[PDB]
There are 2 protein chains.
Amino acid sequence: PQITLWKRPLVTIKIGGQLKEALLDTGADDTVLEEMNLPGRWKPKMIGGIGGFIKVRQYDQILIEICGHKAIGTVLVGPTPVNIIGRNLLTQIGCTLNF
Amino acid sequence: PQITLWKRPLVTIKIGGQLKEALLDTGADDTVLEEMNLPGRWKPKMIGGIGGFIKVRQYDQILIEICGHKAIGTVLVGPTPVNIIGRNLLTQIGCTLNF
Ligand SMILES: CC[C@@H](C)[C@H](NC(=O)OC)C(=O)N[C@@H](Cc1ccccc1)[C@@H](O)C[C@H](Cc1ccccc1)NC(=O)O[C@H]1CO[C@H]2OCC[C@H]21
């Protein structure tokens, strides 16, 4: 679809069999989700933002469905204030900015 | 134009007579620019992101040109690592996400 930006671009995602709400964020290199129990192995990682850096759990090759589009890639899990879908997954679903 | 998301979506902007590079960010409510001396009154504000909050100066009704498209709104100035164009100005140039 085409999504305007009057409101936050929030969409439903499905991950690890669970539904969640997440922000499509062209300003994020990576996808970061709030604390949650994801299956599989994970590695500690740090990611930085406008306020500073946080500690996260990096999960690899995780399946996510974003408004009916499937993506398989890296998902970071940690104390983020909002679930954000970053460019690593936005590119897999064919997302572009247009104006 | 159409902007892909393989790399950070950086574009040239013109503000206060100066040219700058900035990130088109659908995950940002507000526009935040790196420290610069803009004339006029301002109000203090705190903005949050991953990692915490930073203190910024809020300027009102500032004109910005974004790839030839003009927009007028609130611009925050402070110690951000990157110049960020947020939804308050992206809506004015008719920007959409498409997939
Ligand atoms: C000016 C921004 C604030 C106004 C705005 N918050 C807001 O609107 O709250 C109401 C805001 O922070 N939004 C971010 C998403 C977000 C996070 C928390 C709460 C709401 C929304 C995102 O859109 C922009 C940042 C910009 C950036 C890029 C590079 C280095 C430092 C900072 N990207 C980012 O943090 O990305 C992370 C995750 O992936 C990694 O790539 C880049 C860095 C890594």
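Derivation of every value follows stated rules applied to the coordinates shown; laboratory data play no part. Virtual Cβ from ideal backbone geometry, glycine too; neighbours counted across all protein chains shown.
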Before we move on, is B:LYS7 assigned to a strand (DSSP E or B), within 27 Å of A:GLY78 (Cβ to Cβ) and over 15 Å from the mean Cα position of the chain (by Cα)? no
Qualifying positions in region A:47-77 - in contact with an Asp or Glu (Cβ under 8 Å, 6 or more places away or on another chain) and facing chain B (nearest Cβ under 9 Å): A:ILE47
Out of region A:45-79, which residues are surrounded by fewer than 17 Cβ atoms within 10 Å (Cβ to Cβ), more than 13 Å from the ligand (Cβ to nearest atom) and either under 20 Å from B:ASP25 (Cβ atoms) or of a type outside the set (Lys, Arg) (or both)? A:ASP60, A:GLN61, A:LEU63, A:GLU65, A:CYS67, A:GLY68, A:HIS69, A:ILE72
Would you be able to tell me the number of residues in region A:80-98 that are within 8 Å of the ligand (Cβ to nearest atom), of a type in the set (A, V, I, L, M, F, W, C) and over 8 Å from the mean Cα position of the chain (by Cα)? 1
When you look at A:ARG8, is it within 23 Å of B:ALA28 (Cβ to Cβ) and out of contact with any strand residue (DSSP E or B) (no Cβ under 9 Å at 6 or more places or on another chain), yes or no? no
Filter pass, A:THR74 being among the hydroxyl-bearing types (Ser, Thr, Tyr), under 25 Å from B:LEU97 (Cβ atoms) and not in a loop (DSSP other than H, G, I, E, B): yes
How many residues does region B:1-44 contain that are near the ligand (Cβ under 10 Å from one of its atoms), surrounded by fewer than 19 Cβ atoms within 10 Å (Cβ to Cβ) and either of a type in the set (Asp, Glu) or more than 23 Å from A:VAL32 (Cα to Cα) (or both)? 1
When residues of region B:1-46 are filtered for being more than 10 Å from every other protein chain (Cβ to nearest Cβ) and touching a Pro at 6+ places or on another chain (Cβ under 9 Å), how many remain? 3
A:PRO44 being outside any loop (DSSP other than H, G, I, E, B), in contact (Cβ under 8 Å) with a residue 12 or more places away in the chain and not aromatic (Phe, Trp, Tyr): yes
Might you let me know whether region B:21-31 holds any residue that is more than 28 Å from A:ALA22 (Cβ to Cβ) and in a strand (DSSP E or B)? no
